[PDB]
Each structure stands twice: as C-alpha cells, then as structure tokens.
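One structure below.
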Amino acid sequence: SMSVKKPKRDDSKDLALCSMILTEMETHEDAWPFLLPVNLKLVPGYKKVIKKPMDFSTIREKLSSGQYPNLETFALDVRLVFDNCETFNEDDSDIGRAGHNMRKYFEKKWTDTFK
C-alpha cells in the first residue's frame with residue numbers, strides 16, 4: 001500500500017529472455033501453423049469464431065515495438081495462440097497435435113526461465 005512496498009524483483013532481462021523463448025518457438029518444426037496470421041479471406045469460419053486472433057509474427061512485432069507492458073501480458077498472447085488453435089481444430093489433426101506440442105514446449109521454457 002502507500003509507502004509500503006514488497007521487495008523489487010529484477011525484471012531488466014525479461015525482454016531479452018521473452019525474445020529468446022519466442023525464437024525457440026519460431027524455429028520448432030511444429031511452429032508452421034502459427035508463424036503467420038490466419039488468412040481471414042480464405043479460411044471459412046475463422047473471423048466470426050476467433051474473436052482475438054494471434055500468431056507468432058504478430059507477437060514478435062509487439063515485442064519489438066514495446067507493446068508488452070510486462071512478461072505476463074507476453075505469456076497471455078502466446079497462450080492465446082494455443083487456445084485459439086484448440087477452439088478451431090480437432091485434437092486428432094496435424095494442426096491440433098501441433099498446438100498441444102507447442103503449448104507443452106512453451107510452458108516448460110517459461111517455468112525453467114522464470115519460476
């Protein structure tokens with residue numbers, strides 16, 4: 001509260017570390033469904049059903065231009081990528097499996113890096 005603060009967690013490497021994580025996600029072999037925005041002209045249903053589209057290129061641009069106020073807002077966008085994937089794709093499709101694998105990959109790097 002006013003003039004009563006918890007000790008200061010060092011956040012100065014957060015930007016670099018989120019960049020590194022994102023690079024590792026970008027270069028994974030199962031990243032291909034997630035590298036670019038879904039083409040809303042060519043994929044029936046996507047626009048109306050997925051209220052907040054997200055993809056790795058868009059996360060990379062946001063990261064590079066100071067649009068993440070902290071590491072939790074970055075983790076929310078990454079998880080949004082996988083949540084959207086589960087919303088639109090069957091678990092037993094190549095893309096559905098890709099999405100479960102990538103979420104697992106991400107959550108381990110996240111825990112190892114920050115927790």
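By convention here, the chains of the structure tokens are called A, B, ... in the order presented, each chain's residues are numbered starting at 1, and ligands are numbered starting at 1 in the order presented.
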Determine, counting only C-alpha atoms, which protein, DNA and RNA residues have an atom within 12 Å of an atom of residue A:47; residues of the same chain fewer than 6 positions away are not included. Present the result as a PDB file with N, CA, C and O atoms, in the first residue's frame.
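This went into out_21.pdb:
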ATOM      1  N   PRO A  37      -0.435 -14.765 -39.469  1.00  0.00           N
ATOM      2  CA  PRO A  37      -1.863 -14.678 -39.235  1.00  0.00           C
ATOM      3  C   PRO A  37      -2.666 -15.597 -40.134  1.00  0.00           C
ATOM      4  O   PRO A  37      -2.277 -15.809 -41.318  1.00  0.00           O
ATOM      5  N   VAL A  38      -3.712 -16.192 -39.574  1.00  0.00           N
ATOM      6  CA  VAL A  38      -4.656 -16.992 -40.402  1.00  0.00           C
ATOM      7  C   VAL A  38      -5.292 -16.036 -41.426  1.00  0.00           C
ATOM      8  O   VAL A  38      -5.651 -14.895 -41.072  1.00  0.00           O
ATOM      9  N   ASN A  39      -5.316 -16.456 -42.691  1.00  0.00           N
ATOM     10  CA  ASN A  39      -5.843 -15.619 -43.763  1.00  0.00           C
ATOM     11  C   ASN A  39      -7.383 -15.621 -43.654  1.00  0.00           C
ATOM     12  O   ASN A  39      -8.052 -16.614 -43.949  1.00  0.00           O
ATOM     13  N   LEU A  40      -7.906 -14.540 -43.121  1.00  0.00           N
ATOM     14  CA  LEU A  40      -9.359 -14.444 -42.844  1.00  0.00           C
ATOM     15  C   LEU A  40     -10.245 -14.411 -44.082  1.00  0.00           C
ATOM     16  O   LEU A  40     -11.466 -14.663 -43.955  1.00  0.00           O
ATOM     17  N   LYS A  41      -9.664 -14.129 -45.264  1.00  0.00           N
ATOM     18  CA  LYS A  41     -10.385 -14.257 -46.548  1.00  0.00           C
ATOM     19  C   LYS A  41     -10.531 -15.711 -46.966  1.00  0.00           C
ATOM     20  O   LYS A  41     -11.528 -16.061 -47.574  1.00  0.00           O
ATOM     21  N   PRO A  53      -7.630 -13.128 -32.809  1.00  0.00           N
ATOM     22  CA  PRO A  53      -6.585 -13.898 -33.491  1.00  0.00           C
ATOM     23  C   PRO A  53      -5.190 -13.488 -33.000  1.00  0.00           C
ATOM     24  O   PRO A  53      -4.986 -12.310 -32.609  1.00  0.00           O
ATOM     25  N   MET A  54      -4.278 -14.465 -32.969  1.00  0.00           N
ATOM     26  CA  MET A  54      -2.883 -14.197 -32.559  1.00  0.00           C
ATOM     27  C   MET A  54      -1.997 -15.228 -33.250  1.00  0.00           C
ATOM     28  O   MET A  54      -2.446 -16.364 -33.520  1.00  0.00           O
ATOM     29  N   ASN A  84      -6.769 -20.512 -29.167  1.00  0.00           N
ATOM     30  CA  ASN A  84      -7.450 -20.382 -30.471  1.00  0.00           C
ATOM     31  C   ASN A  84      -7.326 -21.653 -31.300  1.00  0.00           C
ATOM     32  O   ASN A  84      -8.320 -22.098 -31.971  1.00  0.00           O
ATOM     33  N   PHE A  88     -10.562 -24.141 -32.726  1.00  0.00           N
ATOM     34  CA  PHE A  88     -10.854 -24.340 -34.117  1.00  0.00           C
ATOM     35  C   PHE A  88     -10.440 -25.678 -34.737  1.00  0.00           C
ATOM     36  O   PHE A  88     -10.884 -25.980 -35.884  1.00  0.00           O
TER      37      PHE A  88
END
Picked from stretch 49-102 of chain A by DSSP as alpha helix (DSSP H), as a PyMOL selection string: chain A and resi 49+56-64+71-88+94-102
Residue contacts of stretch 70-83 of chain A (7 Å, only C-alpha atoms) excluding same-chain residues fewer than 4 positions away, as a PyMOL selection string: chain A and resi 14+54-55+87+99+103
Å distance separating atom CA of residue A:29 from atom CA of residue A:42, one decimal place: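 Atom-to-atom, atom CA of residue A:29 to atom CA of residue A:42, that is 23.8 Å.
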Pick from A:33, A:5, A:16, A:56, whichever lies nearest to residue A:93 using only C-alpha atoms: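 Answer, going by the shortest atom-to-atom distance: A:33.
Our summary of the geometry notes that atom CA of residue A:105 is positioned 7.9 Å from atom CA of residue A:25.
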Point-to-point distance in Å for atom CA of residue A:22 and atom CA of residue A:57: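 Going from atom CA of residue A:57 over to atom CA of residue A:22 covers 9.7 Å.
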Selection near residue A:100, 9 Å with only C-alpha atoms, sequence-local residues under 2 positions removed, as a PyMOL selection string: chain A and resi 82+85-86+91+95-98+102-105
Best match for closeness to residue A:89 among A:12, A:50, A:36, A:107, counting only C-alpha atoms: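 For residue A:89, the nearest of the given residues is A:50.
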